[PDB]
Amino acid sequence: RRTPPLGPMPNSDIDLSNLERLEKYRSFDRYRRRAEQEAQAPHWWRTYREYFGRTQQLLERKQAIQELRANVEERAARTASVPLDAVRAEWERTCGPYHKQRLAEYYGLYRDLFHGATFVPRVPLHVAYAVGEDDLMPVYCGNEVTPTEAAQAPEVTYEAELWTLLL
Amino acid sequence: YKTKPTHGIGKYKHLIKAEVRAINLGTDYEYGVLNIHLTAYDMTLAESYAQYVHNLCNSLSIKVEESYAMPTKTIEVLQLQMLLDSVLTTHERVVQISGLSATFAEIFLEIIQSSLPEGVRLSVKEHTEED
Amino acid sequence: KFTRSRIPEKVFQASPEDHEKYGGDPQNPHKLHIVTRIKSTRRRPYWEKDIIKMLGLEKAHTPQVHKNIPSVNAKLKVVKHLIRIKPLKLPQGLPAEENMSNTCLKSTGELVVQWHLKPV
Amino acid sequence: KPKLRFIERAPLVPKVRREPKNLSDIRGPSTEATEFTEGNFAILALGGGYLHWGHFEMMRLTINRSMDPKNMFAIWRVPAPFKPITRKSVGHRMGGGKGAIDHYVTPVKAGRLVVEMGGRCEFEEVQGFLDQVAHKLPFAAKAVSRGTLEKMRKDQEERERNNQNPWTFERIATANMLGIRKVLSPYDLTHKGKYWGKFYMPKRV
Amino acid sequence: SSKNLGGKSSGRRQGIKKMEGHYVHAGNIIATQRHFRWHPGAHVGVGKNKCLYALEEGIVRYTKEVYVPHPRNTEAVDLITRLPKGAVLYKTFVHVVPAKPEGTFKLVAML
RNA sequence: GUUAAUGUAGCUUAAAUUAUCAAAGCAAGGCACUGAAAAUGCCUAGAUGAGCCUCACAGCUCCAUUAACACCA
RNA sequence: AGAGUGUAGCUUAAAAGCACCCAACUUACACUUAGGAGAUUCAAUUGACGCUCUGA
RNA sequence: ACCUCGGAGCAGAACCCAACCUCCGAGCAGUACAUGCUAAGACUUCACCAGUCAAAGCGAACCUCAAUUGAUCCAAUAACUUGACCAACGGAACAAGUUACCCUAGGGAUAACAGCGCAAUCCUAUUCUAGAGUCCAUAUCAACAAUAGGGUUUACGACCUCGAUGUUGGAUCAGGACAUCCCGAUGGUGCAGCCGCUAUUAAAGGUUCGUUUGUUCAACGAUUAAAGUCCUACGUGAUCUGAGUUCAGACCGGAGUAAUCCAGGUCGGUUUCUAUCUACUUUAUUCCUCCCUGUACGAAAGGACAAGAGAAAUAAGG
RNA sequence: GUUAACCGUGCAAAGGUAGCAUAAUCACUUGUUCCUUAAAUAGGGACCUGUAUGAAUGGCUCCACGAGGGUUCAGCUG
RNA sequence: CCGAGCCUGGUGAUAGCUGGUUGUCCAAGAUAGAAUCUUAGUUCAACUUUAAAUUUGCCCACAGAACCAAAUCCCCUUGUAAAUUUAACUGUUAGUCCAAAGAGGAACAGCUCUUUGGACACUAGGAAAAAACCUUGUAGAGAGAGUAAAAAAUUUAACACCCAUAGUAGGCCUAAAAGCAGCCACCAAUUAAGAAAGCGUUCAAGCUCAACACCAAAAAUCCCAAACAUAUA
Ligand SMILES: [Mg+2]
Ligand SMILES: [Mg+2]
Ligand SMILES: [Mg+2]
Ligand SMILES: [Mg+2]
Ligand SMILES: [Mg+2]
Ligand SMILES: [Mg+2]
Ligand SMILES: [Mg+2]
Ligand SMILES: [Mg+2]
Ligand SMILES: [Mg+2]
Ligand SMILES: [Mg+2]
Ligand SMILES: [Mg+2]
Ligand SMILES: [Mg+2]
Ligand SMILES: [Mg+2]
Ligand SMILES: [Mg+2]
Ligand SMILES: [Mg+2]
Ligand SMILES: [Mg+2]
Ligand SMILES: [Mg+2]
Ligand SMILES: [Mg+2]
Ligand SMILES: [Mg+2]
Ligand SMILES: [Mg+2]
Ligand SMILES: [Mg+2]
Ligand SMILES: [Mg+2]
Ligand SMILES: [Mg+2]
Ligand SMILES: [Mg+2]
Ligand SMILES: [Mg+2]
Ligand SMILES: [Mg+2]
Ligand SMILES: [Mg+2]
Ligand SMILES: [Mg+2]
Ligand SMILES: [Mg+2]
Ligand SMILES: [Mg+2]
Ligand SMILES: [Mg+2]
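What counts and what doesn't
- Residues numbered from 1 in each chain as written, not as in the entry; some residues may be left out.
- Chains lettered and ligands numbered in written order.
- Part of a larger assembly, values for the part shown.
- Heavy atoms only, no water.
- Residues with missing side-chain atoms left out of burial classes, pairs and counts.
- Contact = heavy atoms within 4.5 Å.
- Buried area = accessible area lost by both parts, 1.4 Å probe.
- Salt bridge = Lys/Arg side-chain N within 4 Å of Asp/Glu carboxyl O.
- Nonpolar A, V, L, I, M, F, W, Y, C, P; charged D, E, K, R; others polar.
- Near = heavy atom within 4 Å.
- Polar contact = N/O pair within 3.5 Å; in protein donor to acceptor, adjacent residues only side chain to side chain.
- Helix = DSSP H or I, 4+ residues; strand = E, 2+ residues; numbered from the N terminus.
- Pairing = 2+ DSSP bridges.
- Axes fitted to C-alpha atoms, helices over the stretch in contact; angles between N-to-C directions.
- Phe/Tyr/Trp six-rings, centres within 6.5 Å; stacked < 30°, edge-to-face > 60°.
- Buried < 20%, exposed > 50% of the residue type's maximum accessible area, 1.4 Å probe, protein only.
- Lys NZ or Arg CZ within 6 Å of the ring centre and 35° of its normal.

- Method of determination, as annotated in the archive: cryo-EM, at 4.33 Å resolution.

Now the structure itself:
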């Protein structure tokens, strides 16, 4: 007995007669990349996944990278630091929102707060609880702070302009 | 139920391999195994040109098998004019080839002649030998 | 090896000349079969020996009514040779509680619900 | 070269494992060479059978001694004998496993062409010695042409369309209409009702 | 004469012991094999004789999935570095979907 | 027919691998010449096709050959 | 003159993934580690520069 | 020859699956020494015994292999432990020959004689033209092969019989088949005649006596028209023979330490029955002499048919 | 190795000696030859590969003898 | 009656072996194997019985089981009513043929060996008689009735009539090869006759053809029902 195949079979569009003229992976990390691509195709047979599932900014960037590429003489290529406070101050403006939505979706915030229906928080909210008198322990999007520090109301800033807040 | 309509979902036999003269009527040669000979009185320039030839074959997707080396000869200077004495040895590297396109041949050869280094004899031919 | 026969499903398909041959039609199928056994279950394998006992065809030439559902049709599709299927066609409908007492079979498969012993 | 070469008994690379007589190799139609290639006329095999080395010598003698090598040519379609046949010494009881290898055969099914011939002639030129060699093969065989083979297949096909009898073998056996699969074989679903055992029944549709 | 001997080994009685759909409790044997047939997927361990013992209680499943071998497995990485560019292997795997949740929280005291 | 045994310098024996000694043969050295005695040397696919290792060697595949068995109605 | 048009070598890429190069190992190739070079032809869907093709 | 364990095929897709069935292998080696302790759940070589796998935990880092083996009682030692090629491998703790001097229980479950099945072997008929036959396929013979038929060989099978189906030849009497030895009738011939060869038809009738051997056979002497092939429980032992083979004795050679043993040979070796039943119990051939005549035929040598007459001989009846 | 007296070569405790012979003596065997017969797988006398003869497991001849076992001339007798 | 006397006693020696095992009736009832000085046997498993407790057993559908054909397993619905478990047991475990996939043997056997399925050891009808094929099963009385399976068809080989002259004994090679020993070529005269397709010659020569023209059965005691082509399935 032989039932016919439903969907297009894998390795069906590569098996020619001239197999000495195919590209033929010489590595392992090429094959692992092309294999971990295949965890996303719909795959008609059976999956693990079924049962388990502007131009001014560009010109400014190409000028600023041109400046920083020639200025460091490349002396610290063969030991830089990349100051993290500056990186965070730029990341909260630019791709903080694009990343905190991922944290919300992995925590499942939208399937609890809004029953789904995701959104991108465009305004960063710097909230910090008063630990004694100093310091202030900031709450990020997924932090751990105990009910001891949260006995009193925290300090909230956002750098925006009429609002309402809910905890 | 199953052999069945996911039969052959994985078969590592037809995909992988197993285990003369390219006869090739009309398009006459489409050559078989040529051995190209880089001989020099230097060792290193011939080795460099062998590496360059190998990378050029892998760049233009021509298939090669073996970049083996014949035993290096020893000749003194021929003591022929007082008689004069200095040993200058000839090193030898040989790069095989397997395939070719026939119409393509002259371009590959021209790039070999054009990029050919200094004091290095190039020789293409066919095969019968042992190391 | 003599094994269990499995029939391809392009046999159980009616060509349009068969609707002239037998009176049935695909629109409005009969709801009930009448099965009568017309072959002994001996010299026939044990699965056919128990499918006949499941369908309740122990006595040959005895009619049983059965559902026209695909599960029961599939059980019939392994003993299709030992039996005789006729669609129970009803001129008058199902019997009422005062009509259960006087019914009969009337081969050609017409369950009449008023059976008198008098001519026409 | 326009002549059948010498086919050698007992292949020069011998066999050292004694295979069983896998008796599928005689039954039914051929999946192997049923067609003509670089030729015109041939031998059709209307039934299965083994071929010894004796029939090979018989064909190589009976075509070459009666064919003129300036006008006609001949090619085999069958290989040299490869299947070993095991034969005990005579006068021995049952027991003790299989005996030694005795000889070698080649199996041919029905419909597989055996000897193919062509050249600057016609079918009536070849048919004489072809029915000479064809009667001595160890099954029912026949001489055929590329034209007559096609006309015979047209007749065998037209008989599938001509019969008024509503019960074919393929209406009954595929459906198992009488529970008749108890009596039939599993190969009678695919061969058809034509083949029975070794022989091929050509008149039966 | 009977120059042959020795072939009196019995049958191994290996195969699928738990086909797809069966509810399998913890520690049960799913399959037994030589010369690997099914590979372990989720929550399926492997014994020394390539047995596929089930680790968590649930229902067994069978899925074709792409096979990425261990790198120190030198047996199949030579297959990997000889596969062509469009090649993905697709071995078969056995899983279990776990049925019971790991634990619920129960009210024990009022303090 | 079955087991078992054997394969050698040219002939026979040996040696637990490696391969001898003794005739045959090849030259020679002495009396007029052979012989004899000696002395040099020579002559072993160790009967087969592979090498698991490295094989008279140790297991086949062999191909010749040799004995025992071919049974108290 | 008209036409196909236009991302670095390629793209059912949108400043990217591949390709590519030089060392270090490898006879070499490769693998890998190290490093390297890079682009939306020019102004507000249109315009004029770049090839290619169709010409005399 | 084998006896245990493992892999592959038969057994193509859960599992299982025989064989004096086809092929390979195993009676180990190597590395760690947490090859530590405990403990849910399973599988399982179709029983069991055996085997297998194993999450959690305690304690510590931070096994490869296919098989690679042996139970209990026992022998050690203070303990943990360790002991068989017990390989007839689920193992009796230690035991071989020969019986024809044999005995008993049985077995047609199991062999020899016979019947039966088969038709490998055998025999015959065809199909096909390779080749012989000076040429010439077919007067005659026939290779490589093909298809049917026979059931006389040597086999194989083990279905009837072991609370007995008596055996090889011979005598006696034979019955049947025809695939005919002659006698009869034809056809062909590389048939001149006489002889022959061969094919069709024919089963009315007959098919010798001896020497040797137990002989059927075979060899040979003499004959004849010819000295047919077979089958009938290798016809027929309640008709007979027992010379062989086929008991107890015995030698010779050989094997064996010996008992003994030998399709190797040789001398000797009880062959029973009074008939119950069925059945049954009186119905012409051939050769040769003569003649035809030395005629037909051939060149002769040689040499007949058919027609006629006479003599026998056996068979049957008197 | 020259059917070899002869030579080489091992092994052995010794290498079957005298005799005798197709036998009562594995097989090849109805051996070969002469006598007997019209015809002799029988009998007698020789020939030795007896390749499994043989010396008190006794060997070889011979006088008498045998209800021995085979051969025979002559008579003779259903 | 001596391979070791006879008689008593141990002695009802023992016997995996043979034979026998005595009233009536009814119900359920068939053979995977594993070991074994064991294959003439026994133990365990399987099957079977009986009594119980308890719940699912069969049949099955999408899905699903591997790389190097028939089919199977798992499997809800569905039709049904059996199944599992406990308790107590014996007996079979020396089996045949048919169909199918195979293996050994001769692609022999009423042959041997496994697997799937039958029947057979169980009655009844049929294929003549009949274990195994086909019909059919749960029972009694009837001098009722409808059914199932159920009876071999073949009979065959005629065939052309007529006409024939030449370049030319086509070249080569052969003692000679003349259409026909073997090679090369295969044109051409008239209407039409091949540089010849079988013969037949030492070579020749003669016959033809091609062309015009004309219009399947054989064996042994005695064959084996009798027969019968035509009044309506
Ligand atoms: Mg096996
Ligand atoms: Mg077994
Ligand atoms: Mg079990
Ligand atoms: Mg752990
Ligand atoms: Mg045992
Ligand atoms: Mg005696
Ligand atoms: Mg005695
Ligand atoms: Mg007795
Ligand atoms: Mg019997
Ligand atoms: Mg019996
Ligand atoms: Mg017999
Ligand atoms: Mg001839
Ligand atoms: Mg039997
Ligand atoms: Mg008897
Ligand atoms: Mg009796
Ligand atoms: Mg006759
Ligand atoms: Mg006499
Ligand atoms: Mg006499
Ligand atoms: Mg008799
Ligand atoms: Mg008597
Ligand atoms: Mg009698
Ligand atoms: Mg006496
Ligand atoms: Mg009587
Ligand atoms: Mg003797
Ligand atoms: Mg006498
Ligand atoms: Mg007793
Ligand atoms: Mg017993
Ligand atoms: Mg009953
Ligand atoms: Mg034992
Ligand atoms: Mg049988
Ligand atoms: Mg003439």
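Having seen the model, we can carry on.
## Focus: the interface of chain B and chain A
- Contact with chain B, which involves 13 residues of that partner, is made by 15 residues of chain A.
- Between chain B and chain A the total buried area reaches about 1200 Å² when both faces are included, carbon and sulfur atoms providing 61% of it.
- When the buried surface of chain B facing chain A is broken down by residue, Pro5, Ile9 and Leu15 of chain B rank first, second and third, together holding 41% of it.
- Joining chain B to chain A, the criterion identifies zero salt bridges.
- Tallied by class, the residues present in the side of chain B that touches chain A amount to four nonpolar, six polar and three charged.

## Focus on the arrangement of the chains
- By number of contacts, the leading pair among the six pairs of chains in contact is chains A and E.
- When C-alpha atoms are compared, chain B and chain C, though not in contact, are closest at a spacing of 14 Å.
- There is no contact between chain B and chain D; across them, the least C-alpha separation is 19 Å.

## Considerations on the protein's contact with RNA strand H
- The environment of RNA strand H is made up of 48 residues, and the closest members are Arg65 of chain D together with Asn4, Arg12, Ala26 and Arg37 of chain E.
- Near the protein, within 4 Å, the atoms of RNA strand H are sugar or phosphate in 79% of cases.
- Note that a base oxygen of RNA strand H is positioned 3.4 Å from one of the side-chain N or O atoms of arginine 17 of chain D.
- Here a base nitrogen of RNA strand H sits 3.1 Å away from a polar atom, N or O, in the main chain of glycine 27 of chain E.
- Mapped by element, the contributors of at least two residues to the surface near RNA strand H are helix 1 (53-64) and helix 2 (123-135) of chain D.
- Looking at which element gives the most residues to the surface near RNA strand H, the answer is helix 1 of chain D, with three residues.
- Grouping the amino acids of the surface near RNA strand H by side-chain chemistry returns 11 nonpolar, 23 polar and 14 charged.

## What to know about the sheet that holds strand 5 (residues 101-108) of chain D
Residues and elements named next belong to chain D.
- Read from one edge to the other, the open sheet built from three strands follows the order 2-5-4, with strand pairing classed as antiparallel. Of all the strands in the sheet, just strand 2 (49-51) and strand 4 (83-86) have a single pairing partner and so form its edges. For this sheet, the mean inter-axis angle between neighbouring strands, taken without regard to orientation, is 50°.
- Bridge analysis of strand 2 against strand 5 gives three bridges, and the strand direction is antiparallel. If you follow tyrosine 50 over to strand 5, its bridge partner there is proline 107.

## Details of the packing of aromatic side chains
- Using the criterion set out here, one finds 15 aromatic pairs over all chains in the structure.
- Both rings, one in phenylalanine 2 of chain C and one in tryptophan 47 of chain C, keep their centres 6.0 Å apart while their planes meet at 35°; by these two values the pair is tilted. Here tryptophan 47 of chain C lies in helix 2 (residues 46-55) and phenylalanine 2 of chain C lies in the segment before helix 1 (18-21), a separation of 45 residues in the sequence.
- When its relative accessible area of 39% is taken as the criterion, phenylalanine 2 of chain C is described as partly exposed.
- In this structure an aromatic cluster arises from ring pairing among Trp44 and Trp45 of chain A together with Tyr90 of chain E.
- The ring of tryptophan 47 of chain C has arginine 4 of chain C sitting right over it, with the charged end atom 4.8 Å from the ring centre.
- The residue whose ring lies beneath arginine 9 of chain D is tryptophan 53 of chain D, and the NZ or CZ to ring-centre distance is 4.4 Å.

## Concerning the interface of chain A and chain E
- Facing the 22 residues of chain A at the interface are 27 residues of chain E.
- Between chain A and chain E the total buried area reaches about 2100 Å² when both faces are included, carbon and sulfur atoms providing 68% of it.
- The largest share of the area that chain A buries against chain E comes from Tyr25, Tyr31 and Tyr51 of chain A, three residues that together contribute 31% of it.
- Our count for the contact surface shared by chain A and chain E stands at zero salt bridges.
- Linking chain A to chain E there are six residue pairs in polar contact.
- Secondary-structure elements contributing two or more residues to the side of chain A that touches chain E are helix 1 (29-37) and helix 2 (48-52) of chain A.
- When residues of the side of chain A that touches chain E are assigned to their parent elements, the largest contribution, four residues, is made by helix 1 of chain A.

## Focus: the pairing of strand 1 (residues 35-40) of chain B
Residues and elements named next belong to chain B.
- The buried fraction of strand 1 amounts to five of the six residues, a majority that puts the element mostly inside the structure.
- As paired elements, strand 1 and strand 2 (residues 91-96) share six bridges and run antiparallel to each other. Bridging across to strand 2, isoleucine 36 finds its partner in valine 95.
- Bridge analysis of strand 1 against strand 3 (residues 120-125) gives six bridges, and the strand direction is antiparallel.

## Focus: the sheet that holds strand 6 (residues 115-119) of chain D
Residues and elements named next belong to chain D.
- Strand order across the open sheet formed by four strands is 3-6-1-7, with antiparallel pairing between neighbours. In this open sheet, the two strands that pair with only one neighbour each are strand 3 (72-76) and strand 7 (141-145). Here the strands of the sheet are splayed against their neighbours by 25° on average, with no regard to which way each runs.
- Bridge analysis of strand 1 (residues 41-45) against strand 6 gives two bridges, and the strand direction is antiparallel. Along strand 6, the bridge assignment pairs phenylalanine 41 with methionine 117.
- Helix-sheet contacts for helix 3 (residues 146-162) involve strand 1 and strand 7, and the interaxial angle to strand 7 is about 110°.

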